[PDB]
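Every read-out reported here was derived from the displayed coordinates using simple, explicitly stated rules and does not represent laboratory data. Heads up, the Cβs are rebuilt from the backbone with ideal geometry, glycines too, and the neighbour counts pull from every protein chain shown.
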């Protein structure tokens, strides 16, 4: 929802036309600091077959 | 709706969409005189995007074919698909021709056919209820399609700013200069309109094309009709998530936006595995689907020739790999284990890359209902070598002291020759600065 | 991925390599044109390792056949084995060269068809994920195979110095000199290149091939079609650790490491006992395993010509005894109890020796499911008897004044003759110093 | 019968022994029994029980083969942890090597199963179809990443189905012990080939220098005394014990249609093999001397390509200054001085290559002679067989 808010905030800015763009980078950097805590929330189970597919897609997520 | 009106333009440009339509009827199993077969609704639930909606239950391709040579359209009007084509929404039947093979000829004939050139796409676009966009299947080969195809690159990206502008650009031969000598001028004039009056291009190479025609397919001596076979196969293969049903990224302006940041980097390398025609009867018993999507990433079948040692000093940014037909969709994730495992593609490490993988179902028809097919739409930054070849071939031809007055016949009565030199050298640097 | 590329080269090397590819279909129990049985994949557990990988349901040899004698290669495409060779991964049909039974003829044809010989074993060495090596199916007989064969002994071992190089060299007949007379010159030239840019070789003598060809195969006239029978059998037999099942020394570069004891002394002697017409008449009394390495111990199977007074002043280091087919393996250690008691094979008493025995099952074939076939790959240090012979047939001929100007008419306008002699007595001296 | 009644549960089929003639039989039998007077079976007891014992032993050899074939599976584990076929495991461990060199990771698990699975698909097209690869999994250790990680990768044959009726817990734990000796033998077969190619790699590259030509020549001898001694001992002690144990058990579970002989062949199988391989509580003197030679041929190994690379690279800076002598002729006492430094760095690098080799063979002489004595003493096992096998490597 916060990433969507920066999306409509960027279409608004192209309609109106510094400090503004850095507020964009902190919202994209807000989702990278979150994805970094997701990799440790996904790996922590106790291992079996179900979780190892879930970490496998998420490693492709950071790789993409 | 998401109806696209295709703009086939040029003497060579018109022939590469012609053999594209002959492929489409044969795979829906339809008959060329309208829909008369019941396989149209039972077999697939959509097929329109290049076909005009029912209002008579007869279908007309959404096509406009304008050229300054009526000679190319008579190789379409004597063919018995001249009742498939209905000429009064395509062209006003038996349109005339120009001087004409100069780029500035068709460029000056666009500004006094200014009325007709913006109504012959309205009489072919009045059946849609919200038009998606325009694909300019023009040609850089010759100055007829490039000449007239430059006009439509400007007026169609400002009188429709919301519609998608995208071209399937084909080059003329870059070894020769005796089959078209006016080649460094018209190439750079149209590349210039692509980087400020278009958003996406598709770069197809003609010199890596005939390299594949003597490799996997084998031809005794080269033939000027190969250009329309290799090009037409990847046209009907490319739109199979918007003809046939997909799932993710069914909006074409979704795939192309994940390919391209912005124009100034938009030149797409194409690769297409099925060119071996023994592979096609050895896929009944399964040819391995794990290596047939790794021969795209390395050069065995790319249609754009680029350095074979600059593939490790340059990085992919977006590479797309669309599998078509059988793959067994539950071992597509077994193949996708192995893409990351070798790292054949170099990626951008500053920020996100993209390994776009996509898959699609097909209409019943046995050479695409059991074969292993992989189509690549890459975006690799080593693409600066073709524009360095074309630009070096321009400054050298102007230092022979020619086409500086033996070319200033129509519509160019001023100096803008060094504007194409700086705008191409601007492009060649901004691709390379985009990766770190 | 332990793929080996055959280099079939010369008038005699195409013929010995023909009956080697023709032998492989006969034991896999299949038609040379296809897969007609399931014994191609159930019998040979591992389908392909000398063939390129399947995408047409056919096994396409990894052979290059270059020659300056076109009769031998024209006996392939009018043979009913011209459905095994598919021309597009093998070679372009017809390859011509020099006259040319001279060494200096095939040696120069390697330097002006330099483009194709280094572009044909590298179009076939790119599918492999890791190359095993090169088998040089070349000959010393003739100048076509000894001339081209001398070039590749350099260029494959400065570019791929880790890959296995190994030739099946057959000398030209040494009891005649009435059809070949250039025989002492061309043999010493390849042997120099074998002694300092080579890994391992497997050499054989042609007069010791033809002693067996009249004692086991019972013909009264030696003919080069009965001499080629001995060479296809021991070729396909050495790699029945790799292509057929194995375990210990499963790589062919596993077997060969313990058959290399020190640079320029690794010239491996070949021996193969069961060849008789009535070899198949001993299945009425028990095809036993109590004598199948007492016949490989008994010295009467030599393809190297050597005295019987050289078996008590020389010593073996490494001896390989491969038993093939059905064997009943629970009495093969019982037979090995018995090798040490006769002492008709000696050991170096300063260092280790090793008596390697191994067995492997094979695809339905009468010589390997009812009959016992024994390949010996000895390394006996009595191999200096051929090397002194080649040298005495050389030093007498330069005093007759022949080929010191009768040889300098093609690319030799310098001396280099005493470079081959000097190197040759060091090889014989370093062999003779290594046992006591 | 109590055992065979638990085993029909396991499998699909739950039916009265073979014939349906047993359902008539119970019904005849209770009234029949009642129709006896004052006598009851006391010697006719033996005909009733032995024919029935024979009946559910022939239902048994049917249940073993008709569904979930256990006996093929007896062979299927032998291929993946008794490594009965080398062409499978050598085609794994060639592609596995660039992965095994780096310590273990926490992303180590997910990707080796796709490298494993593409490669057992690449060497087979007739053993891929049987479900032996979906009945094959990976085994990883609890070994903290502080090792190269080669003993870590291990294959296990995973069951918990009807195949796990004949197998026990006590069985695959001993199969771990048999894997690790066998994995290190087949590792030694391949790490000694690489260094053999390194003798032959560098030799083609020092040509132009007559000195270092013969330097590698003797080193190629001293390597052979270790290569030929590893080959005739490691290959031959294991192949013989693999032969004696595959031929003990596999032709005893389809030569007996009972259950208690199956387990009887199995619990004598798995403990004959490890005592001739590595371990037990008497053969503890075996592995102390088989690991002392295992680390001295690695200690011999890393000093070679640490000096052999230097033998080839130092001549490359000598050679490129000779290619620079003709560019000065087209476009010299101080130039001879740097050539004399190259000639000195070669001059140096030869007794260095010698002395480390003399320190290595004095260490190998001490392991090989101590390897003899502590295998030629020990009691309560057959030492006459082990003293036959070791006197066979030294004399022959």
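Would you tell me the mean number of C-beta atoms belonging to other protein chains that fall within 10 Å of each C-beta in C:256-268, as a whole number? Write out the running numbers ahead of the final one.
Values: counts 2, 11, 9, 0, 6, 7, 10, 10, 1, 0, 1, 0, 0.
Partner Cβ neighbours, averaged per residue: 4.
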Over all Cα pairs of the stretch B:345-388, the Kirkwood radius sets Rh, and Rg/Rh then becomes 1.15
In whole angstrom, largest first, the equivalent ellipsoid semi-axes that the Cα gyration tensor gives for the stretch B:298-395 are 30, 19, 11
Inverse of <1/r> over all distinct C-alpha pairs of the stretch D:1-125, i.e. the Kirkwood Rh in Å, gives 19.9 Å
Looking along the axis that carries chain B onto chain C, the residue of B whose Cβ comes nearest, with distance in whole Å, is B:38, 70
Mean-square fluctuation maximum in Gaussian network of chain C, Cα pairs under 10 Å, restricted to C:396, C:112, C:414, hits C:414
dims of the stretch D:316-396, Cα set, principal axes, largest to smallest, nearest Å -> 84, 19, 18
Each label sits 7 Å from Cα toward the beta-carbon; between residue A:54 and residue B:308 the label points are separated, in nm, by 4.7 nm
Inter-part gap, Cα centre of the stretch D:303-373 to Cα centre of the stretch C:220-240, in whole angstrom, is 45 Å
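Before anything else, pin down the relative contact order of the stretch B:194-309: Cα pairs under 8 Å, at least 6 apart, normalised by residue count, whole percent. Walk me through the numbers on the way to the answer.
Numbers: 93 pairs, mean separation 48.2, N = 116.
Relative CO of the stretch B:194-309 lands at 42 percent.
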Extend 7 Å from the Cα of residue C:288 along its Cα-to-C-beta direction; within the stretch C:343-384, residues with backbone N under 15 Å of that point are C:372
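In percent, what relative contact order does the stretch D:124-197 have, based on Cα pairs under 8 Å that are 6 or more apart in sequence? Before the final figure, lay out the partial values.
Working: 30 pairs, mean separation 18.7, N = 74.
Here the relative contact order equals 25 percent.
Taking chain B, how much of its Cα-Cα pair set, in percent, is spaced more than 40 angstrom apart?
On the way: 15075 of 94830 pairs.
In whole percent, the long-distance tail amounts to 16.
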In cubic angstrom per residue, the convex hull of the stretch B:1-44 built on its Cα atoms measures 94 Å³
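Just the number: Rg to Rh for the stretch B:50-93, Cα atoms, Kirkwood Rh, two decimals. If you can, show how the numbers build up before the last one.
Details: Rg = 11.0 Å, Rh = 11.2 Å.
With Rg and the Kirkwood Rh in hand, the quotient comes to 0.98.
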For residue B:247 and residue C:122, extending 7 Å from Cα along the Cα-Cβ vector and measuring point to point gives, in nm, a value of 4.5 nm
Rg/Rh of chain D (Cα atoms, Kirkwood Rh), to two decimals, equals 1.17
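For a test of the definition: using alpha carbon positions, the gyration tensor, and the 1.5 limit on a/c, classify the stretch C:170-227 as rounded, prolate or oblate. Don't skip to the answer; put the middle values down first.
Numbers: a/c = 3.83, a/b = 1.67, b/c = 2.29.
Note, shape of the stretch C:170-227 comes out oblate.
Can you tell me the convex hull volume per residue for the stretch B:115-240, based on C-alpha atoms, in Å³ to the nearest whole number?
On the way: hull volume 16.4 nm³, N = 126.
Measuring per residue, one finds 130 Å³ for the Cα hull of the stretch B:115-240.
What do the square roots of 5 times the Cα gyration tensor eigenvalues come to for the stretch B:273-318, in whole Å, largest first, as semi-axes of the equivalent ellipsoid? Walk me through the numbers on the way to the answer.
Values: eigenvalues 146, 28, 11 Å².
Here the semi-axes work out to 27, 12, 7 Å.
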With -39,500 (n - 2.57) per DSSP H segment of 4 or more residues and division by the full residue count of chain C, the 222 nm estimate, nearest 500 deg cm²/dmol, is -5500 deg cm²/dmol
When chain B is treated as a Gaussian network with springs between alpha carbons less than 10 Å apart, the largest mean-square fluctuation among B:399, B:334, B:22 is found at B:399
Plugging the Cβ-Cβ distance of residue B:74 and residue A:29 into 1/(1 + (r/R0)^6) at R0 = 60 Å yields, to the nearest 0.05, a FRET efficiency of 0.50
Mean separation of Cα contacts under 8 Å (at least 6 apart) over the residue count of chain B, i.e. the relative contact order in percent, is 17 percent
With the label set 7 Å along Cα→Cβ, residue B:23 is separated from its counterparts in the other copies, in nm and shortest first, by 4.9
Share of Cα-Cα pairs in the protein assembly as shown beyond 42 Å, whole percent, is 59 percent
With bins of 10 Å, the percent of all Cα-Cα pairs of the stretch C:206-329 per bin from 0 is 10, 36, 38, 15, 1
The stretch B:139-205, convex hull of Cα, quarter of hull surface, nm² -> 4.1 nm²
Applying the gyration tensor rule to the Cα atoms of the stretch C:204-268 (axes a ≥ b ≥ c; rounded if a/c under 1.5, else prolate if a/b exceeds b/c, else oblate), the class is oblate
Evaluated at 4 °C and 1.567 mPa s, the Stokes-Einstein D of the stretch D:71-130 based on the Kirkwood radius over Cα pairs, in µm²/s, stands at 101 µm²/s
Extend 7 Å from the Cα of residue D:30 along its Cα-to-C-beta direction; within the stretch D:1-20, residues with backbone N under 20 Å of that point are D:15-17, D:20
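Can you give the FRET efficiency to the nearest 0.05 for residue B:114 and residue B:350, using r as the Cβ-Cβ distance and R₀ = 41 Å?
On the way: r = 46 Å, r/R0 = 1.13.
With a Förster radius of 41 Å, E is 0.30.
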Once the mean of 1/r over all distinct C-alpha pairs in the stretch D:113-272 is inverted, the Kirkwood radius in Å reads 19.9 Å
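Would you mind giving the mean number of other chain beta-carbons within 10 Å of the Cβ of each residue in D:347-359, as a whole number? It would help to have the intermediate numbers written out before the result.
Working: counts 0, 0, 0, 0, 0, 0, 0, 0, 0, 0, 0, 0, 0.
Mean inter-chain Cβ contacts per residue within 10 Å come to 0.
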Semi-axes (Å, rounded, descending) of the ellipsoid equivalent to the stretch B:14-137 per its C-alpha gyration tensor are 28, 17, 12
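Would you please give the FRET efficiency between residue B:57 and residue B:162, computed as 1/(1 + (r/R0)^6) with r the Cβ-Cβ distance and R0 = 35 Å, to the nearest 0.05? Numbers along the way, then the final one.
Details: r = 31 Å, r/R0 = 0.89.
E(calc), rounded to 0.05, equals 0.65.
Give the average over all directions of the projected area of the C-alpha convex hull of the stretch D:246-396, one decimal, in nm².
Working: hull surface 67.1 nm².
The directionally averaged projection comes out at 16.8 nm².
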Checking B:233, B:273, B:312 against a Gaussian network model of chain B (alpha-carbon springs below 10 Å), the top fluctuating residue turns out to be B:312
Sorted largest first, the C-alpha extents of the stretch B:119-173 along its principal axes in whole angstrom are 41, 20, 16
